[PDB]
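*Asks:* Encoded as structure tokens, here's the structure I'll be asking about.
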Amino acid sequence: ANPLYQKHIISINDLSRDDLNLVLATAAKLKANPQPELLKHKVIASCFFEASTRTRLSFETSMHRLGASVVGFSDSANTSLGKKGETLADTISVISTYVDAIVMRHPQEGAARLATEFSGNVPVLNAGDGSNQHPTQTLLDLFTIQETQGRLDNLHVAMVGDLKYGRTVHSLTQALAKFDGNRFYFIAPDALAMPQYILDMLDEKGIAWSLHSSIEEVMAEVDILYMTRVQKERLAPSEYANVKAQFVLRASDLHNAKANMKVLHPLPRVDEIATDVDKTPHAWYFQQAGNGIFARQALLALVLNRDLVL
Amino acid sequence: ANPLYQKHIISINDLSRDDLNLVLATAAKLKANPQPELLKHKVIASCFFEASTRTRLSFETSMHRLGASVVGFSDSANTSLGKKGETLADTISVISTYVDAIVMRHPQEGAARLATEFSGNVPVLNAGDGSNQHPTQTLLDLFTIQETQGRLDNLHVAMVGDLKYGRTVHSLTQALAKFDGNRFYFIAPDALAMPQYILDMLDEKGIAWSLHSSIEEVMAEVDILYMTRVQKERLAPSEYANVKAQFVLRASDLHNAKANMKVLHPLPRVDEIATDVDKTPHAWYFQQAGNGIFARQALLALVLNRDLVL
Amino acid sequence: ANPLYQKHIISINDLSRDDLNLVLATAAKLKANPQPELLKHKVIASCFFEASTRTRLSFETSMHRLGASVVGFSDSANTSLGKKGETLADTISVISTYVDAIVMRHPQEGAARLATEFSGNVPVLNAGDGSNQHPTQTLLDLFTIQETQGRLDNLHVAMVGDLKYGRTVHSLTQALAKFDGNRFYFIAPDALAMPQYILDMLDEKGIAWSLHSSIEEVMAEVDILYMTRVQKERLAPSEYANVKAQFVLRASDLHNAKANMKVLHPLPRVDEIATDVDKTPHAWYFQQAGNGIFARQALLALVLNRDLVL
Amino acid sequence: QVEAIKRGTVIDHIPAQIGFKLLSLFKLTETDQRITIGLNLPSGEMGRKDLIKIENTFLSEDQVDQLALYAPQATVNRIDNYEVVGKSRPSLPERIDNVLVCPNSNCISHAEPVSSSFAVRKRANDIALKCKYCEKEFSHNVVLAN
Amino acid sequence: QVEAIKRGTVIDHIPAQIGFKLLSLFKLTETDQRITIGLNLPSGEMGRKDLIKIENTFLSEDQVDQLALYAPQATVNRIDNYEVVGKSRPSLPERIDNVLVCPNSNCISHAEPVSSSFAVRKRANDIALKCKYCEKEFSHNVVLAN
Ligand SMILES: [Zn+2]
Ligand SMILES: [Zn+2]
């Protein structure tokens, strides 16, 4: 009777606060003593309708490391929906009669929400539906902050970079606000402003935000800094003006940077981040990267087993 | 022996008042008075490296009309310059000869003073280089100046759309910045609102030139309304959310103009002007821009004849 | 003061008998008799928005020959109409002027009556619009009518290949559908066999017009054989298994013709005609289509001169 | 006649549910005087009908003209205060003016700002209409069909 | 004042010039059974208004609340057999599905055979909707094909 059981993975604002804790409990237990069998037989279409390195692979590794047999597509072409002109619907509609779960990713907004109307019993998980959401990065970010930083409440994070499109933050951002104790500081271009549909929230949610145009400003402040790659392929030919990195973190920026504070990038880093910094202490984007295995594994298990694990 | 003769036609900010009026007057006199038996020798080539409709046909035609012919080429298509292999100069070297006279229209600036470096003695005429200059697409309207108000002296113009890029209006706040008592009315987004450096040569006399709000309000103050196409085909990505003229022109807003003020345009037109503009004692861009005939001819002659009168 | 003068040259189904013969006769007289000192003023531009070899060179040339020159452009390549940005009309607005006369050849129909809407007074001449009309590519053969049989009256033609699309033969069952005692011989696949609506204007007199079998049999009955290229470049996908003329023409099948009947073609030719056709007292498409000279000139003049005789 | 008013043309005999366009297609529904409707009402001719109530206003010309192909029995009752007088007949001029949705996607008179005109060889058949710029004679049926 | 209906629904009190729209947008035409839409008419309780009276046609409460946004204050004199019997309000509902046309082009709410659906909620001086599919929450105005 596990909670997330048979449940679907789609938008963090479809859950709550107390809801998370469950996978995380699952997760901290695996980073410890695992179970290479726990999800045998199981078949998961790892169909990705858009590019990706870390969200797909890691996920297959989160599946392979548990015993679940998988066969999904990397490129949304050599499939009937490709040159055959088949609608996602049918495409899902049928794939759902072959696998016990679909862990997709799709170039358009909420194409995930699509799946479920043609899924039902069969669990559907999203690796980001257009700039919209990516409920799945928020979780690995979730493991980090809580891991590298004791408590999960009473803290402040500096979300900087393409926000208008960062499937990433929307999720995470909206996630945190729900917790008792988390101030928000958004640093973004004039255009790439963090979509409102998240702004208003904190407000009512008593959670307070503020916009700044410096890295040093909230230097000694923010317990954590979330940088973002710029949704370059995800852009209308107007917003294209503020294309490049209006913000590119460096070394010396780490002067009055708080000890426990670290840099977190859901990768890949395009120009926003320097390589010399990987040597530094905060350098954790990378460590904030290998978390998925754990986050996605914990997560995978759950939905795939009514009974709690170990 | 005259001032405007054998003069390399490139730009316009380096000549004295005396010149324009000179040819300008030859145009009031070439309004309908064809003289074949004259320069029926000096061959000319129409060299179109870009794409403008009027200036091309308008020019090649007066070239024809003023007793002669026109070789040239519509594009750098079938020319040993690229396909084969040659520099814009090499071509000129041999070009001086044949067509003693040629007009150059490059999608890159400075090129004029270039082809004009590889001729020797043989006369040139660049009616637009990249997006920096234009000699012939001004005078022809300077004709329209007498057509609408006669006296070119003191007035109140106006230039909507793109004003920084375009090789056309570049001669504005530079040819008249040496005239008399004239008031400058500009209209274009920040970077486009014409650089202050074309505006810094007018520091020795410091007369009029400013920028404020929308057309909605500066119409009951304009004596001359000359917009300009937003050079959509030439600019920088760094600013792509501005393909639209912002400030448009429709009977709707224009019904507050002065009395002799007329609606003119650089041409081609797109949204700048409304098709419902055709019907107005002001919409003059029709004949305004269409002086090449009476026009060009006036100068086509003068820059290739000795002590001649008309 | 004459009927065929200053007449907008577009289509042909709206004029009376008197017209053709008019210019037609000027052609028997312009068979070899050049008059320079005449319209050596009125400048013309060759505006080729499509691709036809004869009509282009043939035209621009008579334009030259009848004492004058030709500006125009071979394609909508380097023109402010697209690249820059302009409607087929805007261009005309300013076009009326310069080249008092211009010919329009668009890959889309109706456009004639358009450019011709944006001129004012300045005379036009569209020798083919989309695939609906053609004025000049008929008369020139109507010359070939007297060249093969003199009298244009009662006869028996024939039109192989594509007959529905082509802007050339569209004037056939429409210019002669007002002549006298003529018998129509058509040849083209169902949809191509010319619509019944071009055929419904002939209901007021109901004379000849029918369609049956292959060329193999209607050859010992033809007094005039005028095929037509299968407009391969313009049509609809909905019918793509018919790129081939179906009914071809080879000495092999033609050896049953009448006596003065000759082989003519709209031009260009591909398979319609056999290279072994060159050798025949009938293969007349050579001089047939090649009247532009003696031809066009005849009308080029007439539509731009007052009370003139030849 | 019945609930009729003083001055205000009324459009009767309309093909079943065609009237609905006369307000969106014709955007006549942007007025501040009377406009009481009643479509799908019983009729003593063939099938059903639709009527529009206009106060202080009547028809015009191009609205006498568009009525044509719009409805055969269309009998606009122009009432000069309780008295129907100008029961004009739906007749469309020979000339076609900028107010049609043409089907010859070829005649470039589509993507470029123009003036929507055709032809109309009125025959004892349908209200078809030959192309004006392409003289391709088709039938309002489709041209006007959805 | 229209007349007097038999059995069906009626929308007393409909914002002027808004009765044409709540009709033209909707298939209140598709419905054949006789309709007498009284666009622009005297109010009495109010000053000016619109009164619909679609007969044989019954709207329980889904197409009732959907009017909250549109006609704020209105009335359903649900007259069943010449007798008025209605007590329903155009409440703001959860989310009004299959109707509007999404603003977010990239959203996946159209490109597929799937229908549409935006969540209703009251923001500040104005209302603003969120398309469930792509979690985006655009203003109650921008959600159209203009
Ligand atoms: Zn058309
Ligand atoms: Zn949406």
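Protein chains in written order, with PDB author numbering: chain A, 1 to 310; chain C, 1 to 310; chain C', 1 to 310; chain D, 8 to 153; chain B, 8 to 153. A prime marks a further copy of an entry chain. Beta carbons: idealized from backbone N, C-alpha and C, even for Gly.
Measuring alpha carbon to alpha carbon, tell me which of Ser116(B), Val17(B) and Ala152(B) ends up nearest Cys138(B).
*Replies:* Nearest of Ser116(B), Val17(B) and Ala152(B) to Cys138(B), Cα basis: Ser116(B).
*Asks:* Take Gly120(C) and list the residues in its own chain whose beta-carbon comes closer than 6 angstroms to its own, dropping the five residues that flank it on each side.
*Replies:* Answer for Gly120(C): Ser96, listed in chain order.
*Asks:* Does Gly110(A) pass the burial test, meaning 16 or more other C-beta atoms within 10 Å, or should it be called exposed?
*Replies:* It counts as buried.
*Asks:* Can you pull the chain C' neighbours of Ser116(D), defined as C-beta to C-beta under 9 angstroms?
*Replies:* Correct list: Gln108, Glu109, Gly110, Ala111, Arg113 and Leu114.
*Asks:* For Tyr185(C'), which of helix, strand or coil comes out of DSSP?
*Replies:* Three-state result, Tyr185(C'): strand.
*Asks:* Taking 8 angstroms as the threshold (beta carbon to beta carbon), is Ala241(A) in contact with chain C?
*Replies:* True, the Cβ-Cβ gap to chain C drops below 8 angstroms.
*Asks:* Taking 7 angstroms as the cut-off, is the CB of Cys141(B) close to at least one heavy atom of ligand 3?
*Replies:* This structure lacks ligand 3; its bound ligands are ligand 1 and ligand 2.
*Asks:* Verify whether the separation of the beta carbon atoms of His265(C) and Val222(C) is less than 8 angstroms.
*Replies:* Not a contact, by the Cβ cut-off of 8 angstroms.
*Asks:* Answer with buried or exposed for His212(C), where buried requires no fewer than 16 other C-beta atoms within 10 angstroms of its C-beta.
*Replies:* Result: exposed.
*Asks:* What does the Cβ neighbour count give for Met261(C'), buried or exposed, with the cut at 16 atoms within 10 Å?
*Replies:* Result: buried.
*Asks:* Given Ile25(B), which residues of its chain have a CB within under 8 angstroms of its CB, disregarding the five upstream and five downstream residues?
*Replies:* Cβ within range, chain order: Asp57, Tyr77 and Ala78.
*Asks:* Assign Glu62(B) to one of three DSSP states: helix, strand, or coil.
*Replies:* Three-state result, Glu62(B): strand.
*Asks:* Which of the three DSSP states is assigned to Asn13(A) in this structure?
*Replies:* Note: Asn13(A) maps to helix in three-state DSSP.
*Asks:* Consider the Cβ of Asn132(C'): report whether some Cβ of chain D lies at a distance smaller than 8 angstroms.
*Replies:* For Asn132(C'), the answer is yes, since a Cβ of chain D falls inside 8 angstroms of its Cβ.
*Asks:* What residues of chain B sit near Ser11(A), judged by a beta carbon separation below 7 angstroms?
*Replies:* In chain order: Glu142.
*Asks:* Short of 7 angstroms in beta carbon distance, which residues of its chain neighbour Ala23(B), apart from the five on each side in sequence? Order them along the chain.
*Replies:* Closer than 7 angstroms at Cβ, skipping near neighbours: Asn47, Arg55, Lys56 and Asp57.
*Asks:* Where does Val70(A) sit, in a helix, a strand or coil, going by DSSP?
*Replies:* DSSP places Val70(A) in coil when its eight states are reduced to three.
*Asks:* Looking at the unbroken beta strand (DSSP E) that takes in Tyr226(A), where does it start and where does it end?
*Replies:* Where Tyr226(A) is concerned, the enclosing beta strand (DSSP E) stretches over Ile224 to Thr228.
*Asks:* Using a Cβ-Cβ distance under 8 angstroms, would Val127(B) count as near chain A?
*Replies:* Judged by the 8 angstroms Cβ criterion, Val127(B) is not in contact with chain A.
*Asks:* For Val121(D), would you say it is in contact with chain C', using Cβ-to-Cβ distances shorter than 8 angstroms as the test?
*Replies:* Output row for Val121(D): interface = yes.
*Asks:* Quick one: Cα of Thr91(C') to Cα of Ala188(C), how far?
*Replies:* If I take the Cα positions, the gap works out to 25 angstroms.
*Asks:* Does DSSP put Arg113(A) in a helix, a strand or coil?
*Replies:* Three-state result, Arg113(A): helix.
*Asks:* Less than 7 angstroms between the CB of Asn126(A) and some heavy atom of ligand 2, yes or no?
*Replies:* No, the Cβ of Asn126(A) stays beyond 7 angstroms of every heavy atom of ligand 2.
*Asks:* Can you grab the Cα-Cα spacing for the pair residue 362(C') / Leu254(C'), in whole Å?
*Replies:* Any question about residue 362(C') goes unanswered here, given that chain C' covers just 1 to 310.
*Asks:* So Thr87(C') contacts chain D; which residues on that side make the cut at Cβ distance below 7 angstroms?
*Replies:* Per Cβ cutoff of 7 angstroms: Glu119 and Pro120.
*Asks:* Closer than 7 angstroms, Cβ to Cβ, to anything on chain D: give me those residues from the region 174 to 203 of chain C', in chain order.
*Replies:* For the region 174 to 203 of chain C', which is checked against every Cβ of chain D, the residues closer than 7 angstroms are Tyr197.
*Asks:* From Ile215(C) to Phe186(C), what does the alpha carbon distance come to, in whole angstroms?
*Replies:* About 10 angstroms.
*Asks:* Sort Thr280(A), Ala158(A) and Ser93(A) by Cα distance to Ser252(A) and report the nearest one.
*Replies:* For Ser252(A), the nearest C-alpha among the options comes from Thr280(A).
*Asks:* For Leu46(B), decide whether its Cβ has a neighbour in chain D, counting only Cβ atoms nearer than 8 angstroms.
*Replies:* Yes - at least one Cβ of chain D is within 8 angstroms of the one on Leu46(B).
*Asks:* Which residues in chain B have a C-beta closer than 8 angstroms to the C-beta of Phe145(D)? List them in chain order.
*Replies:* By Cβ distance, chain B contributes nothing, its closest Cβ being about 26 angstroms from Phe145(D), past 8 angstroms.
*Asks:* What do you reckon, is the C-beta of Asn111(B) under 7 angstroms from a heavy atom of ligand 2?
*Replies:* Yes, the Cβ of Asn111(B) comes within 7 angstroms of a heavy atom of ligand 2.
*Asks:* Tell me, please, whether the CB atom of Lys13(B) is closer than 8 angstroms to any CB atom in chain A?
*Replies:* So no, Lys13(B) is outside the interface.
*Asks:* Assign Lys244(C) to one of two classes, buried (16 or more other C-beta atoms within 10 Å of its C-beta) or exposed (fewer than that).
*Replies:* Exposed, by the Cβ-count rule.
*Asks:* Work out the CA separation of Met63(C) and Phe73(C) for me, nearest whole Å.
*Replies:* Going from the Cα of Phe73(C) to the Cα of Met63(C) covers about 14 angstroms.
*Asks:* Thinking C-alpha only, which one of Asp69(D), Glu144(D), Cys109(D) and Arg128(D) is nearest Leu151(D)?
*Replies:* Ranking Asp69(D), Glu144(D), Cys109(D) and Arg128(D) by Cα distance to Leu151(D) puts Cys109(D) first.
*Asks:* Given 8 angstroms as the limit, is there contact between the region 34 to 51 of chain B and the region 114 to 131 of chain B, that is, 3 or more CB pairs closer than that?
*Replies:* No, they do not touch.
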